[PDB]
Amino acid sequence: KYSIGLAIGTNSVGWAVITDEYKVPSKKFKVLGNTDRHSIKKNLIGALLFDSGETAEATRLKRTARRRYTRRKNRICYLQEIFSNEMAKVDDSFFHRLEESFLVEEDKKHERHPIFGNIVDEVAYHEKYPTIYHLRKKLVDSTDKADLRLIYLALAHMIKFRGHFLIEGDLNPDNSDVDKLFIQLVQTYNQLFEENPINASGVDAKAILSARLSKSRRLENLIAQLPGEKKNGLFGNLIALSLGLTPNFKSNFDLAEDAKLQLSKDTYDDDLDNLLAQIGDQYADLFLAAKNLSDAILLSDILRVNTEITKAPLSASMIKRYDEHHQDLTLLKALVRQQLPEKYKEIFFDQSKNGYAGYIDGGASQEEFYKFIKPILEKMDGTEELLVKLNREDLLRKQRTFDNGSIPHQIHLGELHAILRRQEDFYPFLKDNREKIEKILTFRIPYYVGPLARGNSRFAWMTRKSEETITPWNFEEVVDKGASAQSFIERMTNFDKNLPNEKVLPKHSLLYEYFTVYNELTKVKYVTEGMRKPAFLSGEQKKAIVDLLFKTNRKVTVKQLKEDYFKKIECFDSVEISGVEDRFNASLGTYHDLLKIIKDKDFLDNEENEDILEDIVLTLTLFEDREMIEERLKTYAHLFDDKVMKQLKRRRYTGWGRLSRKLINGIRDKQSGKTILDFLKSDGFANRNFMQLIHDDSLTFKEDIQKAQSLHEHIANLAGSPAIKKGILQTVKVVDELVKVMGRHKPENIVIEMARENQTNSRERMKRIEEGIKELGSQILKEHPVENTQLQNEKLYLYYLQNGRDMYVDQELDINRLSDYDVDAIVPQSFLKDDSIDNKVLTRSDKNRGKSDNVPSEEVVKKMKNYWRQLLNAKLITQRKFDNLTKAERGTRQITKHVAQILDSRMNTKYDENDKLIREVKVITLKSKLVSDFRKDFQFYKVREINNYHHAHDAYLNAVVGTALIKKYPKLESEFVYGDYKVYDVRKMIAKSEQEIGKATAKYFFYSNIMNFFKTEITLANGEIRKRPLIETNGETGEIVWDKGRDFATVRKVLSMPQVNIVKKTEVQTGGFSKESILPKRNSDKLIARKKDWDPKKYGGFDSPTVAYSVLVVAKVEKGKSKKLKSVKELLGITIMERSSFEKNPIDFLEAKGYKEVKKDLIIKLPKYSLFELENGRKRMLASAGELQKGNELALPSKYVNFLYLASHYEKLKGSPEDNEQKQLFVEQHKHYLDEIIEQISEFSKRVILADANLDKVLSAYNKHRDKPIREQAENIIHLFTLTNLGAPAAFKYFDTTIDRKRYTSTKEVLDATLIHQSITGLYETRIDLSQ
Amino acid sequence: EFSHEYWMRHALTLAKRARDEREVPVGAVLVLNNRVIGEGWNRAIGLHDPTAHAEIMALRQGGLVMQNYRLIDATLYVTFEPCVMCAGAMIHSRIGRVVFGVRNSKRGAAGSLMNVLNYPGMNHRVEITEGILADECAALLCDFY
Amino acid sequence: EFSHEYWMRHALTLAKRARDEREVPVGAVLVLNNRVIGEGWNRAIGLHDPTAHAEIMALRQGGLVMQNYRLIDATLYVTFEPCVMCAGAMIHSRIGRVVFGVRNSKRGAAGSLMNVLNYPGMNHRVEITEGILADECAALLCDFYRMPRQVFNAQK
RNA sequence: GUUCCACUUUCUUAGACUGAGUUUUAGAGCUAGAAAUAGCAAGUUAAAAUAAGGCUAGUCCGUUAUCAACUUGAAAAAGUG
DNA sequence: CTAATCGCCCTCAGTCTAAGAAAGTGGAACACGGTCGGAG
DNA sequence: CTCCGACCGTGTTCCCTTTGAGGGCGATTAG
Ligand SMILES: [Mg+2]
Ligand SMILES: [Mg+2]
Ligand SMILES: [Mg+2]
Ligand SMILES: [Zn+2]
Ligand SMILES: [Zn+2]
């Protein structure tokens, strides 16, 4: 009888119900409540709207930051607990004064000076040590006994900001010299290779190696200064090692095994040990020197000072910064006094200017301050050095800056240990507790352990070896690191879908590779002269090939198959292989790896050690911490030798397969008693496939599997954006309510369409360009500085991505001639609807691309290949573009299928007598192009800004087109309907055709052909007309599928229906309590205390909280000096922070708020977007407790919508000029439509919007611009619609006139309106007359 | 002048001439762009040919003059509703419109007895015009038979 | 000799002659009393006449040889199935029977798309014989079109 | 569409971290002028908090998802036109 | 002493490890009812 | 001459083609 059309989007779900004749039923629905109306007629079409679903990212970030804060606090607490006893003797209340430093003096328990407790000592301290780094350096270098409070201050400052943990091991920073070390390296190298010495040659290694270029570029420059020295050579590899790259050393030492060294990797010492054992340890000092040189240069950017003078290069560099700041400030002050004293007040006093006062005391950044004083500086003379300092970014630098993240923790550890050694001679407890403090700074919870929970954390997985409290000192003993890593990995790995309770095997499992090799061999056929048909291989032959070829050669090539097997055993001079290309895809890599490590083939071949070996490979896969891999393998160290274990440690695998051990070799057929692997090894005459085994009705595997094989959980488990999952839930609920509306009869067809979800980057662009240019070595950034927001222009972004060069012609481009250049589609847009940069190119003229109908010609490839190579190495073009260029030189979607499956499983729940699904409802999935083309062809134009009706209209047209398509060509059901499919069309592509060079062209032609039955006359591209009958019927049955004389009229009636159920989903606001900004102290009741005792009038705090939902309160409040009981009815906003308190006891909350005699039964919860109707039909939605939104939809007649669409789009709709001219004459004939549309808008606004000023400004502005061309006027009339649009009022520009939004700053009228409670479809309403 | 009645009376004159020739008074005139391209009269008996109708002769003369089997944008006037064979020939000729006079529920395949031009199985649609001088054609047929 | 297969084979010979002339290979022969009365093949394109079908040619030749537009009791053999035009001409000729080979159920005028020969309002009923040498007829047509899956679908 | 293997690019989820930013407090401002009014000298740092808080008392959790109205129903769930 | 308007405002940057899915390239499936070739 | 046994293609349209936002908030305006 009826079908349902659905349009599923990220912010909208359109729905419609149509009948056999494409009519939408109109039904009378009962209206509940205490109101006048008892019923309303409604059309069965509408659309649900809802705000986008958000990802869990921000919550994760917040949570991790919280954990960081608490752990830092615990660090400080540890320190104080260590210092407590010895501090109590020196100062009774030091820590107390420290912890109460935030309190105002009136609130303080002790005196206001934290460190010493009086003015004189505090001023003395600050006079002797202006910064903390002064105290640090004095405490490291001096030898005098120091005050315990200063020592504590230093240690705490180093512990509170420990620095990063990106470099492993320890550093030797005594060696600070780069020239002497490089000269020493060159020296020892020339010693070790007497035959060929390198010349020092006056290569300024410091500048080239410390320049701000990429590692690779610096390498290239380094070896460009060296004659006859290659980057792959020994010295080149050493330079690469010192630069932080990963070089391979195998080609230099004739080593068959890979020897890759990374100074940062914790395994460096062991890898180097193995390398030196292989090649001899007389080269160890050589690599040591390289390491020493790397050490001397690791921190050259930060320390900038020779490590000879002091043992605290960091604190010394800070003291340096301080002194230079001081001197240059004195100098600058003197200069401004002498030459521009009129601006002195502006520079050093006004906090709002970005001067020095704004820099130190205001919120001005170093960049803004520099830009501020650049002109002042350059306009003056005598500042020749100040500019030098400015370009170095070293003019007036502070010590706590954004760029201090480079500092590794090893240096703070060094200073800590130095201070500890210095002061352990005088305080015994520092000596006895030195190791504890060092372990406090050093220790870091491993990522594979996670939160140190005790059974109350949803996110934690760690297991406790004992029930102690965990500290940094007992962590290794209390936490079971091994089982914790095991859980860390096993909680994320996929289970086998066929056996959901079984874990998936490791990808490099020996069993898995046996399964794959046998699964490939099983389908290999052979024929000889005698036999009459090609035959499978038997068990014996397979065991022969494996034992003889697979177990002797690491890889087995096709040539080895032919010559060593086919030739030697079957005397075949030539043979064809079909499933693999030039080599067997499967291989026994682990078998040969192990054979090489254990050196005992008979150990590997013994079946009883298979599990053990699998467990070893499991361990090798499960862990990557060598110390833990070793601990796991320690049990088997006795079977062959210590060396085999040492070698087994280094072997590491990553990745997991697809199937479980029980699937491959666990299940046994009851009759046969043979596992899958047994049938793969030997199955006699039929060498049955794994797919066949799994699908063979004669065998019992399939049924034995079919044993093991919530809506919200099921939807949440899908992969995709949460927004679309929200839409999926909403559309399911809509479908349910629609079925309920239709008397629980199921629809005949459900046609679903889904909007393009790929569309739903300045920083990324700036990064891309910065890196590509730094690698390329171009100055164009220095010559033409850009900013991220400039890169939003496509032509400019392209220009910068190609280093200001032509992509086809090998010539420079002009940053001033982009308007003359062309953006060409690499693969023409007609074939691939790709609008991204991956398929777009900037060239001065598209003629230099070569042919127009294809990829750029072979000449352009030949001429530009090397340039494209350079762009690839510079990351200026991606891999996809390159690979497409290369092959070009050598010649619906998953989410919608998931939706269709969910719908089909919910709708068809019955099985026939043959235990097969009865498909009562056919789920059809269509792409957007069908309805888009249908609209363009038959002029069912769409303008999104007029109203939200198009969401429903699209669903209606989807249903219509889908039902028509399946009605006309039922054989295409396999393509368009979910479920039953057709295993064919693969052999059809093995025959010659008319044009099958591309699948895209085939799809194009296909869809352009199938949809012709909708048209009455076709115009081929020969000047040829083709006629079609008036009635379209299906040949085999004769049933009428289409009637050109009446179906269009019905469609037009449906599109023109004024009333459409557009329902905005009411949602309680969740998330952050308020804005995060911490405002200064202010006398205002809006300021919310940041802590219980922190009165915001004294301390400031938070502001502007978000209302979770309003609540209607009717009660009484005191009024006047005599406290008369007045009666009040008002809306009180319950903030998100107040929510829980209001729910726990609303009566107490309202009584505390000042309400009395609160009528509890009249409390109405009013979430956001609550709908209220007011007389004349004017409606308002609840935007907040103190603001409302527009609640009406302007139903513009379809004639005006189509006219507006055609008038706004002039430079489009290509083809024959005759139709374009007829549309031009239609515009000129119907120009009065503009005036009629503005009249309609004015009526609507005066009846509903009620903003006289904005309407008068619209009318005026339109009056002045009536002379201007119709196109412009039409576009700006389209702009005019945001005044009448649904939801929050917004500003808009009409003919350069900006109209600020008119907000609704009061909620009084809503308090006397009628509340409309709406169902999800809006068909059921409960209206409440709020008269009480 | 040049209206439906003009061509109807011209075909009636052709039918009267054919009747003077002792043949069936049925005529057909094929005009394209206000230019007469074909004229014919039913002389099946005078030629011993069952397919020698007025419509067939007119279509053949039009195809011979135009040197093409396609007669796009042609208009065929006839004093008698076309039969099934004549309707099929009009479909194959791809003519623009056919204007017939007196209806024939027994032999006219242009709506009276059946529909041929606008059948859902056809690959071409032809326009139909009726009701031009049906009484005179019926009287002439009754006088002849 | 003079059997149905013999005449269908002759019609196939004429359709092959039409194939030689690069025309749609359709042939027709009109027989009365085991005597040759008329033969024809499609010559539309080469003679610029949309009605120059095999059936039309055979009927006109029979009419000329017999000097009579009425072909009472005659049998018209045609390889392909006649179109609406040819079916109407057969009705107008008053022939006794039409024998065709392979069907074509996308334009057929003998029941598939519509029934015209045996229409209730006709003044003469023409008999229909189907499927003579259907396999050779359909193979000839498939070899001419060079587009498979049509003949097999029609036969099945 | 489902599914077995290889390559690349993107996204999602969870964990360990770092550097900043903001808010109060300590950095004895000086010289005439009772007062407004004005001149002169310094300015780089440090402590605490970083969602109010919660009990389960953990070196744990607190911004994701879900939610018209009524009725029967601890939760879940069902019915109402 | 109340409310309605007009502008102004809104925490951010980076590193590493692990797993999974999901697009573009490639290699291979997801069967059976007769039906023609020989036999004692 | 029925009984035993290895084998193979036809299935989509197609029967002369069309190629960033929106709610909070202080200062101003207004009765
Ligand atoms: Mg806290
Ligand atoms: Mg600071
Ligand atoms: Mg939420
Ligand atoms: Zn006729
Ligand atoms: Zn014909």
# chains A, B, ... in the order shown; residues from 1 in each chain; ligands from 1

call {"tool": "residues_around", "arguments": {"residues": "residue F:5", "least_positions_apart": "3", "cutoff": "12 Å", "atoms": "only C-alpha atoms (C1' of nucleotides)", "output": "PyMOL selection string"}}
result
chain E and resi 35-39

call {"tool": "interface_residues", "arguments": {"of": "chain C", "to": "chain A", "cutoff": "10 Å", "atoms": "only C-alpha atoms", "output": "NGL selection string"}}
result
:C and (105-106 or 112-113)

call {"tool": "write_last_selection", "arguments": {"atoms": "N, CA, C and O atoms", "output": "CSV table (one decimal), in the first residue's frame"}}
result
chain,number,residue,atom,x,y,z
C,105,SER,N,10.1,-11.4,-28.6
C,105,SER,CA,9.2,-10.8,-27.6
C,105,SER,C,9.7,-9.4,-27.1
C,105,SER,O,9.8,-9.2,-25.9
C,106,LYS,N,10.0,-8.5,-28.0
C,106,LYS,CA,10.0,-7.1,-27.7
C,106,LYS,C,9.3,-6.2,-28.7
C,106,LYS,O,9.0,-5.0,-28.4
C,112,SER,N,2.9,-11.4,-28.5
C,112,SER,CA,3.8,-10.9,-27.5
C,112,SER,C,3.5,-9.5,-27.0
C,112,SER,O,3.1,-9.3,-25.9
C,113,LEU,N,3.7,-8.5,-27.9
C,113,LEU,CA,3.3,-7.2,-27.6
C,113,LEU,C,1.8,-6.9,-27.7
C,113,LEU,O,1.3,-6.2,-26.9

call {"tool": "select_by_dssp", "arguments": {"residues": "chain C", "states": "helix (DSSP H, G or I)", "output": "MDAnalysis selection string"}}
result
chainID C and resid 4:20 44:47 54:66 84:93 134:145 150:155

call {"tool": "residues_around", "arguments": {"residues": "residue F:30", "least_positions_apart": "2", "cutoff": "12 Å", "atoms": "only C-alpha atoms (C1' of nucleotides)", "output": "list in words"}}
result
residues 2, 3, 4 and 5 of chain E; 28 of chain F

call {"tool": "residues_near_ligand", "arguments": {"ligand": "ligand 4", "cutoff": "10 Å", "atoms": "only C-alpha atoms (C1' of nucleotides) and all ligand atoms", "output": "PyMOL selection string"}}
result
(chain B and resi 26+42+50-56+80-89+107-109) or (chain C and resi 88-89+92)

call {"tool": "select_by_dssp", "arguments": {"residues": "chain B", "states": "strand (DSSP E)", "output": "ChimeraX atom specification"}}
result
/B:27-32,35-41,75-78,97-99,127-129

call {"tool": "write_last_selection", "arguments": {"atoms": "N, CA and C atoms", "output": "PDB file, in the first residue's frame"}}
result
ATOM      1  N   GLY B  27      -8.333   9.265 -50.089  1.00  0.00           N
ATOM      2  CA  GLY B  27      -7.185  10.048 -50.481  1.00  0.00           C
ATOM      3  C   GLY B  27      -6.320  10.403 -49.286  1.00  0.00           C
ATOM      4  N   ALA B  28      -5.073  10.763 -49.590  1.00  0.00           N
ATOM      5  CA  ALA B  28      -4.100  11.116 -48.566  1.00  0.00           C
ATOM      6  C   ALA B  28      -3.135  12.149 -49.128  1.00  0.00           C
ATOM      7  N   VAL B  29      -2.830  13.163 -48.319  1.00  0.00           N
ATOM      8  CA  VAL B  29      -1.940  14.251 -48.713  1.00  0.00           C
ATOM      9  C   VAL B  29      -0.908  14.450 -47.610  1.00  0.00           C
ATOM     10  N   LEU B  30       0.369  14.310 -47.957  1.00  0.00           N
ATOM     11  CA  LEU B  30       1.474  14.494 -47.022  1.00  0.00           C
ATOM     12  C   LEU B  30       2.139  15.832 -47.323  1.00  0.00           C
ATOM     13  N   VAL B  31       2.053  16.758 -46.368  1.00  0.00           N
ATOM     14  CA  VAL B  31       2.580  18.109 -46.498  1.00  0.00           C
ATOM     15  C   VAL B  31       3.598  18.342 -45.390  1.00  0.00           C
ATOM     16  N   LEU B  32       4.737  18.931 -45.750  1.00  0.00           N
ATOM     17  CA  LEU B  32       5.787  19.256 -44.794  1.00  0.00           C
ATOM     18  C   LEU B  32       6.214  20.701 -45.001  1.00  0.00           C
ATOM     19  N   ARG B  35       4.395  22.698 -47.591  1.00  0.00           N
ATOM     20  CA  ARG B  35       4.717  22.321 -48.962  1.00  0.00           C
ATOM     21  C   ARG B  35       4.195  20.916 -49.211  1.00  0.00           C
ATOM     22  N   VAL B  36       3.344  20.767 -50.224  1.00  0.00           N
ATOM     23  CA  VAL B  36       2.814  19.452 -50.567  1.00  0.00           C
ATOM     24  C   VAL B  36       3.942  18.603 -51.135  1.00  0.00           C
ATOM     25  N   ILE B  37       4.217  17.471 -50.489  1.00  0.00           N
ATOM     26  CA  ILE B  37       5.257  16.568 -50.946  1.00  0.00           C
ATOM     27  C   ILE B  37       4.699  15.236 -51.438  1.00  0.00           C
ATOM     28  N   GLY B  38       3.546  14.799 -50.937  1.00  0.00           N
ATOM     29  CA  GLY B  38       2.963  13.565 -51.423  1.00  0.00           C
ATOM     30  C   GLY B  38       1.463  13.623 -51.605  1.00  0.00           C
ATOM     31  N   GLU B  39       0.955  12.971 -52.647  1.00  0.00           N
ATOM     32  CA  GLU B  39      -0.476  12.850 -52.874  1.00  0.00           C
ATOM     33  C   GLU B  39      -0.774  11.438 -53.349  1.00  0.00           C
ATOM     34  N   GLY B  40      -1.839  10.845 -52.816  1.00  0.00           N
ATOM     35  CA  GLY B  40      -2.192   9.495 -53.211  1.00  0.00           C
ATOM     36  C   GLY B  40      -3.664   9.211 -53.014  1.00  0.00           C
ATOM     37  N   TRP B  41      -4.128   8.173 -53.705  1.00  0.00           N
ATOM     38  CA  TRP B  41      -5.509   7.724 -53.619  1.00  0.00           C
ATOM     39  C   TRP B  41      -5.535   6.203 -53.593  1.00  0.00           C
ATOM     40  N   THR B  75       3.267  16.204 -41.929  1.00  0.00           N
ATOM     41  CA  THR B  75       1.870  16.130 -41.521  1.00  0.00           C
ATOM     42  C   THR B  75       1.068  15.443 -42.616  1.00  0.00           C
ATOM     43  N   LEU B  76       0.326  14.405 -42.245  1.00  0.00           N
ATOM     44  CA  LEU B  76      -0.432  13.608 -43.202  1.00  0.00           C
ATOM     45  C   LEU B  76      -1.923  13.800 -42.959  1.00  0.00           C
ATOM     46  N   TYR B  77      -2.618  14.358 -43.948  1.00  0.00           N
ATOM     47  CA  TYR B  77      -4.062  14.522 -43.902  1.00  0.00           C
ATOM     48  C   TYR B  77      -4.729  13.404 -44.693  1.00  0.00           C
ATOM     49  N   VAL B  78      -5.846  12.906 -44.170  1.00  0.00           N
ATOM     50  CA  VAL B  78      -6.564  11.797 -44.790  1.00  0.00           C
ATOM     51  C   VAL B  78      -8.043  11.926 -44.448  1.00  0.00           C
ATOM     52  N   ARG B  97       2.466  14.406 -37.449  1.00  0.00           N
ATOM     53  CA  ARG B  97       1.065  14.424 -37.054  1.00  0.00           C
ATOM     54  C   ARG B  97       0.217  13.835 -38.171  1.00  0.00           C
ATOM     55  N   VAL B  98      -0.886  13.201 -37.778  1.00  0.00           N
ATOM     56  CA  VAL B  98      -1.848  12.630 -38.713  1.00  0.00           C
ATOM     57  C   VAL B  98      -3.221  13.207 -38.399  1.00  0.00           C
ATOM     58  N   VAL B  99      -3.891  13.722 -39.426  1.00  0.00           N
ATOM     59  CA  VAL B  99      -5.194  14.363 -39.293  1.00  0.00           C
ATOM     60  C   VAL B  99      -6.182  13.567 -40.134  1.00  0.00           C
ATOM     61  N   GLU B 127       1.276  12.530 -33.236  1.00  0.00           N
ATOM     62  CA  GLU B 127       0.094  13.271 -32.822  1.00  0.00           C
ATOM     63  C   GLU B 127      -1.101  12.946 -33.714  1.00  0.00           C
ATOM     64  N   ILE B 128      -2.293  13.044 -33.128  1.00  0.00           N
ATOM     65  CA  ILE B 128      -3.541  12.647 -33.768  1.00  0.00           C
ATOM     66  C   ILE B 128      -4.493  13.835 -33.785  1.00  0.00           C
ATOM     67  N   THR B 129      -5.167  14.034 -34.919  1.00  0.00           N
ATOM     68  CA  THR B 129      -6.204  15.050 -35.048  1.00  0.00           C
ATOM     69  C   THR B 129      -7.423  14.430 -35.719  1.00  0.00           C
TER      70      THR B 129
END

call {"tool": "atom_distance", "arguments": {"atom1": "atom CA of residue A:813", "atom2": "atom CA of residue A:793"}}
result
16.2 Å

call {"tool": "residues_near_ligand", "arguments": {"ligand": "ligand 1", "cutoff": "9 Å", "atoms": "only C-alpha atoms (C1' of nucleotides) and all ligand atoms", "output": "ChimeraX atom specification"}}
result
/A:66,69-70 /D:49-51,53

call {"tool": "write_last_selection", "arguments": {"atoms": "C-alpha atoms (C1' of nucleotides)", "output": "PDB file, in the first residue's frame"}}
result
ATOM      1  CA  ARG A  66      43.653  16.318  35.330  1.00  0.00           C
ATOM      2  CA  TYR A  69      47.990  17.865  37.670  1.00  0.00           C
ATOM      3  CA  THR A  70      47.212  15.420  40.476  1.00  0.00           C
TER       4      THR A  70
ATOM      5  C1'   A D  49      44.652  26.754  42.023  1.00  0.00           C
ATOM      6  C1'   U D  50      43.688  25.258  37.069  1.00  0.00           C
ATOM      7  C1'   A D  51      36.543  22.853  35.953  1.00  0.00           C
ATOM      8  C1'   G D  53      33.617  18.707  44.017  1.00  0.00           C
TER       9        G D  53
END

call {"tool": "residues_around", "arguments": {"residues": "residue C:35", "least_positions_apart": "4", "cutoff": "12 Å", "atoms": "only C-alpha atoms (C1' of nucleotides)", "output": "ChimeraX atom specification"}}
result
/C:1-3,7,29-31,39,62,65-66,74-75

call {"tool": "write_last_selection", "arguments": {"atoms": "N, CA and C atoms", "output": "mmCIF file, in the first residue's frame"}}
result
data_model
loop_
_atom_site.group_PDB
_atom_site.id
_atom_site.type_symbol
_atom_site.label_atom_id
_atom_site.label_comp_id
_atom_site.auth_asym_id
_atom_site.auth_seq_id
_atom_site.Cartn_x
_atom_site.Cartn_y
_atom_site.Cartn_z
ATOM 1 N N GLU C 1 10.729 -32.653 -49.627
ATOM 2 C CA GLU C 1 10.339 -31.730 -50.685
ATOM 3 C C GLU C 1 8.939 -31.177 -50.439
ATOM 4 N N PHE C 2 8.829 -29.847 -50.457
ATOM 5 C CA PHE C 2 7.596 -29.088 -50.256
ATOM 6 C C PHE C 2 7.115 -29.117 -48.813
ATOM 7 N N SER C 3 7.913 -29.650 -47.893
ATOM 8 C CA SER C 3 7.563 -29.651 -46.484
ATOM 9 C C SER C 3 7.789 -28.268 -45.877
ATOM 10 N N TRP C 7 10.435 -25.078 -47.135
ATOM 11 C CA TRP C 7 10.108 -23.682 -47.399
ATOM 12 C C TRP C 7 10.815 -22.759 -46.418
ATOM 13 N N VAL C 29 8.288 -16.126 -48.350
ATOM 14 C CA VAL C 29 7.806 -16.784 -49.557
ATOM 15 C C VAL C 29 6.315 -17.069 -49.425
ATOM 16 N N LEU C 30 5.557 -16.750 -50.465
ATOM 17 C CA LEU C 30 4.122 -16.974 -50.505
ATOM 18 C C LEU C 30 3.905 -18.175 -51.413
ATOM 19 N N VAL C 31 3.237 -19.199 -50.885
ATOM 20 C CA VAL C 31 3.029 -20.470 -51.567
ATOM 21 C C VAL C 31 1.535 -20.742 -51.658
ATOM 22 N N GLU C 39 8.191 -14.505 -53.840
ATOM 23 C CA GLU C 39 9.313 -14.491 -52.913
ATOM 24 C C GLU C 39 9.781 -13.056 -52.725
ATOM 25 N N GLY C 62 2.846 -12.091 -55.082
ATOM 26 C CA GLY C 62 1.756 -13.044 -55.183
ATOM 27 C C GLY C 62 0.543 -12.407 -55.830
ATOM 28 N N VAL C 65 1.261 -12.026 -59.658
ATOM 29 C CA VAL C 65 1.222 -13.305 -60.363
ATOM 30 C C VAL C 65 -0.204 -13.839 -60.443
ATOM 31 N N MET C 66 -0.969 -13.712 -59.360
ATOM 32 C CA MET C 66 -2.333 -14.226 -59.348
ATOM 33 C C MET C 66 -3.355 -13.229 -59.875
ATOM 34 N N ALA C 74 -3.632 -19.193 -49.177
ATOM 35 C CA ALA C 74 -2.196 -19.222 -49.401
ATOM 36 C C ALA C 74 -1.468 -19.239 -48.060
ATOM 37 N N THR C 75 -0.231 -19.733 -48.073
ATOM 38 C CA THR C 75 0.593 -19.755 -46.872
ATOM 39 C C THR C 75 1.830 -18.892 -47.074
#

call {"tool": "residues_around", "arguments": {"residues": "residue A:1013", "least_positions_apart": "4", "cutoff": "10 Å", "atoms": "only C-alpha atoms (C1' of nucleotides)", "output": "VMD selection string"}}
result
chain A and resid 964 to 965 968 1009 1017 to 1018 1028 to 1029 1031 to 1033 1041 to 1042

call {"tool": "interface_residues", "arguments": {"of": "chain F", "to": "chain A", "cutoff": "9 Å", "atoms": "only C-alpha atoms (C1' of nucleotides)", "output": "list in words"}}
result
residues 10, 11, 12, 13, 18, 19, 22, 23, 24 and 25 of chain F

call {"tool": "residues_near_ligand", "arguments": {"ligand": "ligand 2", "cutoff": "12 Å", "atoms": "only C-alpha atoms (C1' of nucleotides) and all ligand atoms", "output": "number ranges by chain"}}
result
A: 131-132, 360-361, 398-402; D: 20-22, 44-47

call {"tool": "residues_near_ligand", "arguments": {"ligand": "ligand 5", "cutoff": "8 Å", "atoms": "only C-alpha atoms (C1' of nucleotides) and all ligand atoms", "output": "PyMOL selection string"}}
result
chain C and resi 51+53-56+82-87

call {"tool": "residues_around", "arguments": {"residues": "residue D:16", "least_positions_apart": "6", "cutoff": "8 Å", "atoms": "only C-alpha atoms (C1' of nucleotides)", "output": "number ranges by chain"}}
result
A: 444-447, 450

call {"tool": "interface_residues", "arguments": {"of": "chain A", "to": "chain E", "cutoff": "8 Å", "atoms": "only C-alpha atoms (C1' of nucleotides)", "output": "list in words"}}
result
residues 166, 447, 489, 492, 493, 494, 579, 580, 581, 691, 719, 880, 983, 1075, 1076, 1077 and 1305 of chain A

call {"tool": "residues_near_ligand", "arguments": {"ligand": "ligand 3", "cutoff": "8 Å", "atoms": "only C-alpha atoms (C1' of nucleotides) and all ligand atoms", "output": "PyMOL selection string"}}
result
(chain A and resi 53-54+1068-1071) or (chain D and resi 64-65)

call {"tool": "atom_distance", "arguments": {"atom1": "atom CA of residue A:127", "atom2": "atom CA of residue A:149"}}
result
16.7 Å

call {"tool": "interface_residues", "arguments": {"of": "chain A", "to": "chain D", "cutoff": "7 Å", "atoms": "only C-alpha atoms (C1' of nucleotides)", "output": "PyMOL selection string"}}
result
chain A and resi 29-30+55-56+59+71+74+98-99+101-104+112-114+119+126+130-132+163-164+322+360+398-399+401-405+445-448+450+453-454+456-457+1071-1072+1078-1080+1090-1091+1099-1100+1317-1320+1326

call {"tool": "residues_around", "arguments": {"residues": "residue F:26", "least_positions_apart": "5", "cutoff": "12 Å", "atoms": "only C-alpha atoms (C1' of nucleotides)", "output": "PyMOL selection string"}}
result
(chain A and resi 1082-1084+1086) or (chain E and resi 6-9)

call {"tool": "interface_residues", "arguments": {"of": "chain B", "to": "chain C", "cutoff": "12 Å", "atoms": "only C-alpha atoms", "output": "MDAnalysis selection string"}}
result
chainID B and resid 43:53 55:71 82:94 104:109 112:117 119:123
